[PDB]
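Just the one chain here, the form deposited without Pramocaine, laid out as structure tokens.
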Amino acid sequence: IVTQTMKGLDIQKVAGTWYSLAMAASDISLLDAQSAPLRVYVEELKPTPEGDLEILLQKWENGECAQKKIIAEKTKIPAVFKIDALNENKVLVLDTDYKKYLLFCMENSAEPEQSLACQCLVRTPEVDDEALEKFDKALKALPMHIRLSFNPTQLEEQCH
């Protein structure tokens, strides 16, 4: 598939607060503009005891910086999950040290290469150079055509 995904992943570790530091999409249109249909801002990851992952985020739709709730259900491979929101159905965890940074992608199995959007999340509202280093290292192999990194000030702001 599209993954170079994480092996030996404990989902329960990723629990708590997260900030969208950086994001990137094959199709420019999806991340282009604030209102773009995959311009989502992760707030918190709440992994359920079932082994699934609930994901809390902000998306700009109509005027307000709305806040949605997506549940990524566990598949065969621990590092891949089944969502059904934002016209995506897959969530791939590429890498994470749990403590600082977490790299992941969203894509539609239907059209991966047009649907693929990948975010560098961080634990602290501070642009970590280590996180971005490993993020861009992963994105070299990917066919990304838009790339967005934010600043601590943005990361605290609402649709930051």
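Throughout, we count residues from 1 along the sequence that is shown.
- The records show that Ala110 is omitted from the coordinate set of at least a third of the other eligible entries of this protein.
- Across the other compared structures of the same protein with both neighbouring residues present, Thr75 carries coordinates in every case, with no third of them leaving it out.
- For the pair 136-144 and 16-24, the mean B factor over Cα atoms is greater in 136-144.
- Averaged over CA atoms, B-factors in the entry run higher in 91-99 than in the other of 91-99 and 35-43.
- Taking the PDB entry at face value, the top CA B factor among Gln119, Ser115, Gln58, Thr48 belongs to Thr48.
- Sort the chain's modelled residues by C-alpha temperature factor and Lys74 lands in the middle third, per the entry.
- When the modelled residues of the chain are ordered by C-alpha B-factor, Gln158 sits in the highest third.
- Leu86: CA B factor in the highest third of modelled residues in this chain (values from the PDB entry).
The following text describes the form deposited with Pramocaine bound, which does not appear among the structures shown.
- Proximity of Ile77 to Pramocaine in the deposited complex falls outside the 4.5 Å heavy atom cutoff.
- Residues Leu45, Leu53, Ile55, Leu57, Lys59 of 44-59 are found to place at least one heavy atom within 4.5 Å of Pramocaine in the deposited complex.
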